[PDB]
Amino acid sequence: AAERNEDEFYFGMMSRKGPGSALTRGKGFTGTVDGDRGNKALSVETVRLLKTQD
RNA sequence: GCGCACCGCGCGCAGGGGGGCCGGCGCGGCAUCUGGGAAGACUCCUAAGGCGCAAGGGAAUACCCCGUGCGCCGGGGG
């Protein structure tokens, strides 16, 4: 954290959401980067399929 | 009709059959009036925007709140 480069660029930054700050995260601030549970916003046709099943 | 005063009524109670059919309650209609809901698509349809589903974040942690992907309607213009 001391010897980091402020103008650094990685291409995972275009596909990840950073740790933020206490002001952009607020009470839900830990110092970490969130990960993916594999959940997704599912479209309306396939939810119609899943609710005919239900 | 028994017990209580065999110098008395009435009383504690078992309950027959009908009565005053007095009022409440129950059920049935009730031309209207009253209230609520539904309601006509000219009407009302919450606004120039809203709604739904699925994910994401936060909690008064039963409720609720905020703005990503899919859709559904709408206003305006046309």
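So, how was this worked out
Residues numbered from 1 in each chain as written, not as in the entry; some residues may be left out. Chains lettered and ligands numbered in written order. Part of a larger assembly, values for the part shown. Heavy atoms only, no water. Residues with missing side-chain atoms left out of burial classes, pairs and counts. Helix = DSSP H or I, 4+ residues; strand = E, 2+ residues; numbered from the N terminus. Rg over C-alpha atoms; globule rule 2.2 N^0.38 Å. Contact = heavy atoms within 4.5 Å.

- Chain A appears in the PDB entry as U3 small nucleolar RNA-associated protein 11 from Chaetomium thermophilum.
- In the PDB, the structure is listed with the title "Cryo-EM structure of the 90S pre-ribosome from Chaetomium thermophilum".

## Side note on the overall build of chain A
For step 1, the next point in the chain: What chain A contains, in helices and strands, is 1 helix and 0 strands.
For step 2, the next point in the chain: Here the C-alpha atoms of chain A give a radius of gyration of 18 Å, more than 25% beyond the 10 Å that 2.2 N^0.38 yields for 54 residues.
For step 3, the next point in the chain: In terms of principal-axis extent, the alpha carbons of chain A reach across some 55 × 30 × 15 Å.

## Quick word on the environment of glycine 20
For step 1, the next point in the chain: On the secondary structure map, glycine 20 appears in the segment before helix 1 (44–53).
For step 2, the next point in the chain: With near-sequence residues (within four places) excluded, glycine 20 lies in contact with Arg25 and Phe29.

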